[PDB]
Amino acid sequence: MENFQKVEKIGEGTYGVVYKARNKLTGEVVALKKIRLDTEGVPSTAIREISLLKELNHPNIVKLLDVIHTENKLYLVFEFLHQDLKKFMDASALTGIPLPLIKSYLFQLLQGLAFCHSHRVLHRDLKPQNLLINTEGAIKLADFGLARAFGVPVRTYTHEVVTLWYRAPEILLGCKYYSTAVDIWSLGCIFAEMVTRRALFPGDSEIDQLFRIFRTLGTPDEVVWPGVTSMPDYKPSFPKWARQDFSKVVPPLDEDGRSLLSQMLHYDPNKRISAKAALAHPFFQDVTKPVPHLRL
Ligand SMILES: Cc1c(-c2ccnc(/N=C3\C=CC(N4CCNCC4)=CC3)n2)sc(=O)n1C
């Protein structure tokens, strides 16, 4: 809109392009998301779906400040946070993020997710790029509720590929009515990634993604994942790999963290820990809120 001066492109929200922008009236600087319209103006369904998001406010959810549906168009105006977790991970790769700060971030996000999930909202696409951090030690969920309202192309507008690395295996095997558990999976993968400084399952197509998972956790079967063999894209011809021990997967994480993670990465989404229950895990008995060394 004319109310906003674009200061810089900071991202893509797979549907939309996101800009740092300055409110010409209120001086506030904001993240401005302009949603790519199916051109099929804006489905009215989608509008009332985004409306609900304006009320889903939490210290660990990036605050949706306004939705602007005017003339053709749909813009989302969020509070601006000064970087994503991906850049901090990148910046931290040589020394590794301190464990107490890993823990604070995991904790905080579990609080975000516990809140969302308690309102039957799923993120569905958690990744380091959709997690935003500030200088005070907050970490916040972003870029969600978008994906319910419209369906997103994989090549998107910007021609960059969609990241699969954080996809739960039920989604990959073709389930439609998957659950809050998908986000716990994605968060486990990020958790591992913060701890190791390497992505856990950096697949580059759906089957590579799924076989990377199989390789580390074992090919799923009916013993560990009752029902798995009736899922839409499950093939009896999947290679049958044996499970790694987690001690190989995320050294040198301590037994509590490792145990937490293995429950976040349970194949069966029903045996996968919830966000609420994860908060009560012994790993957070010594949880603190440290200050990050940022590079703004
Ligand atoms: C980036 C973003 C949103 C957003 C919301 C609030 N703050 C921010 N802040 C930044 C997000 C990204 C960013 N980058 C800095 C350099 N390139 C990597 C990403 C700098 C700032 N983004 S909302 C959404 O859908 N997306 C994709």
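Residues numbered from 1 in each chain as written, not as in the entry; some residues may be left out. Heavy atoms only, no water. Residues with missing side-chain atoms left out of burial classes, pairs and counts.

Some thoughts on the overall build of the protein chain
For clarity, the threshold we go by: Going along the chain from the N terminus, every DSSP run of H or I of four or more residues is numbered as a helix, and every run of E of two or more is numbered as a strand. Between the two quantities, the radius of gyration covers C-alpha atoms and the globule rule is 2.2 Å times the number of residues to the power 0.38.
Regarding its fold elements, the protein chain presents 10 helices and eight strands. Taking 19 Å as the expected radius of gyration for a compact globule of 296 residues, we find that the protein chain reaches 19 Å, a close match to that expectation. Along the first, second and third principal axes, the C-alpha atoms of the protein chain reach 60 × 45 × 35 Å.

A short note on the sheet that holds strand β3 (residues 29-34)
Worth spelling out the cut-off: By definition, two strands form a pair when at least two bridges between them are found by DSSP. What counts as an axis is a line fitted to C-alpha atoms, over the stretch in contact for a helix, and the angles between N-to-C directions run from 0 to 180 degrees.
The antiparallel open sheet is built from five strands, whose spatial order is β1-β2-β3-β5-β4. Single-partner strands in this sheet number two, and they are β1 (4-13) and β4 (64-70). When strand polarity is set aside, the average angle formed by the axes of neighbouring strands in this sheet is 25°. Bridge analysis of β3 against strand β5 (residues 73-79) gives five bridges, and the strand direction is antiparallel.

A word on the pattern of salt bridges
To keep it simple, the criterion reads: What makes a salt bridge here is a side-chain nitrogen of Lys or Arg within 4 Å of a carboxyl oxygen of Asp or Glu, nothing more. Partly exposed residues are those whose accessible area sits between 20% and 50% of the maximum for their type, while under 20% is buried and over 50% is exposed, using a 1.4 Å probe and protein chains only.
The final tally for this structure, using the stated rule, is 11 salt bridges. A salt bridge links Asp286 to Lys103; its shortest N-O distance comes to 2.3 Å. Residue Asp286 is located in the segment after α10 (275-278), and its partner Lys103 is located in helix α3 (residues 99-118); the two are separated by 183 residues in the primary sequence. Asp286 sits in the exposed class, given a relative accessible area of 52%. One salt bridge in this structure joins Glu255 and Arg258, with 2.8 Å as the shortest N-O distance. Taken together, the residues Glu255 and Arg258, both in helix α9 (residues 255-264) and three residues apart, mark about one turn of the helix.

No statement about biological role is implied by the geometric values presented.
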